[PDB]
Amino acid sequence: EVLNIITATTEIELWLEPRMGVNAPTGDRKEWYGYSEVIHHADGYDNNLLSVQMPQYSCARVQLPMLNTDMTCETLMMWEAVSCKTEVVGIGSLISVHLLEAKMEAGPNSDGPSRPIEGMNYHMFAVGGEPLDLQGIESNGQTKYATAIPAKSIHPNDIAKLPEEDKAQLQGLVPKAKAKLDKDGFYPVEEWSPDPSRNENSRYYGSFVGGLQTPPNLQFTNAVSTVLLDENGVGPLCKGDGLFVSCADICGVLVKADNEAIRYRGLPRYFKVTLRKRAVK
């Protein structure tokens, strides 16, 4: 039960690095950090699709200053997210036409530029007072996924647990396939969406442009804010004094020269969130 604002503010900022699959600059895949592993047409059919091949949501919880010295009291204060500025950094890097290992965009006897990053763009950011609610889906119900222990990603049927002969249901809406975005680099974009049936205490904003050769269209400015207040003037209220931020920013794909397969490329996203104190019952 939301009461009146207490007149008292604070701002937090943070960066979320992309989780395109290669999620750390370490090991033998280090050079491909910020990209996915290679994806081929029959992957997941004639082999297991790996987590490194599946771009994932980024997320973090920011701890806010503690508000109530006694959690038993009938009236308490909560942090309320009022507005946010957010930005995808590094967009100029997408002009490169000398991408390592990338297909040449010219005739077979030429010496032209590489294909630049282009194709599918999927951009979403969210700010909320608790983890983002996710709804699960499968483009192909019977896609084969790797089983690592511990798991490196989670899939809708890990939660829905349909019998294998019923997994075609996941190509529609399966209500049991729901989860919270509670782990960075774990929930694949191609299987999980913000759940519009929940998320009463979060705000999310997403866009998608598909295809493999589509020009990426991105903007950057520090002159624009997003107001997080709902129709009643109430922003997300931060349970446990935690602010939750999430995003995904697939900016396109790289095409490999030797087999023409692809890797996704993502870019880091900045957040600046402005909060105020709100009394609640």
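Numbers follow the displayed sequence, beginning with 1.
Checked against the record, the higher mean CA B factor of 146-154 and 74-82 lies with 146-154. Of the two stretches examined, 118-126 and 99-107, the record assigns the greater average C-alpha temperature factor to 99-107. The entry lists C-alpha B-factors for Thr226, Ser246, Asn48, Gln53, and the highest of these is at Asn48. Sorting the modelled residues of the chain by their CA temperature factor places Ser197 in the middle third. Remark: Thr214 belongs to the middle third of its chain, ranked by C-alpha B-factor as recorded.
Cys59: CA B factor lies in the middle third for its chain, per the PDB record. Annotation for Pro163: C-alpha temperature factor in the highest third relative to the rest of the modelled chain, per the entry. In this PDB entry, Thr69 carries a Cα temperature factor that places it within the highest third of its chain's modelled residues.
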